[PDB]
Structures are given as structure tokens and as C-alpha cells.
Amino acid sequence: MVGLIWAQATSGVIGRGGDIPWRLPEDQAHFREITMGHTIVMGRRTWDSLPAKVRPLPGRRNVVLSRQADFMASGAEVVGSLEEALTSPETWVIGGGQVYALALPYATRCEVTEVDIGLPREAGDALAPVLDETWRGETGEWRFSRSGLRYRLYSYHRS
């Protein structure tokens, strides 16, 4: 099983300047729970976005996508194509914008956190993929974070 997990503002922005322009702790917990134990796949830039003291993510099979055949990620597997990374019974593609688009045709589930911030899209922003109607998606309600930001969860599936 290949799943996609991401947090987005309403506008679809997921990343900017190698960072995530917000802090929503509830989403981090949600992310940790859904990924823990399983294989996680990320783009090389997203691997670069993590301080060395926080990578690899504990308890998961860290895999990095890069087209550099020689690229080292200390503590993760480096593959040159998704299917080399997808190897895994349950695999979760954890970002970023480039990888999500590459993987979506192989995914059956998308776990979406939507953050109620008016964050407009700027050139070079990383974006969430847009999910059509073939994704049956079950809408949560607008929860209130201890960070101060309104948020809600979506669970998408297509058979």
C-alpha cells in the first residue's frame, strides 16, 4: 500500500524556502502516528530540510529520492526511482511537492491536513497535488490547535 501524507494551507502551499511556514503540533502527532513503523519516502530537498539531529525519523524506514546516483543520506536509503522506494507493504510518501506529484498515480490513500491560514501561493512555493473527484475524500471538521491555528483533516481513498 502506497499512501501520501501532507499538510497544506487552504491555497495548497506545503513548503517554502526549504521550510514549512507554520507550526501545527497536532498535525505532527497525526503525522507521527500514521507513519511510524512504516517505510517513508521523501524528496532529496525534504531530506535536506531536516536538521541532522532529527534525521532519520525514528522507527520508520527512511528512503530518499534523488537523481544523484551517488547521493548520500546518512541514515536513509537512496533510490533513483519511486518503485525502488515503494518496495514496502505499507509505504507513506511524506513530501515534498515534487515527490507527491510523482507518486500520486501509485497511491490509493491521501492523508491531508488542511491549515486555515491565508497563505497565498508565491512563485517557487511547493504545492500539494490537487485531488480530483476520483478521490473519495472524507472531510473532518475545523479543529482548533494549541498553536492558535484552525485546522481539519481529510482522508482520501480511491478503489
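The term rigid core refers to the maximal set of C-alpha atoms that superpose within 1.5 Å between the two forms. Residue numbers here begin at 1 and follow the sequence given.
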{"property": "Which of 38-46 and 127-135 lies farther from this form in 8 other deposited structures of this protein, as RMS of C-alpha positions after a rigid core fit", "result": "127-135"}
{"property": "Mean C-alpha B-factor comparison - 89-97 and 130-138, higher one", "result": "130-138"}
{"property": "Which of 66-74 and 100-108 has higher mean CA B factor, as the PDB entry lists it", "result": "66-74"}
{"property": "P56 - which third its CA temperature factor falls in, relative to the rest of the chain", "result": "middle"}
{"property": "CA B-factor placement of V2, once the chain's modelled residues are sorted into thirds", "result": "middle"}
{"property": "Position of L24 among the chain's modelled residues by C-alpha B-factor, lowest, middle or highest third", "result": "middle"}
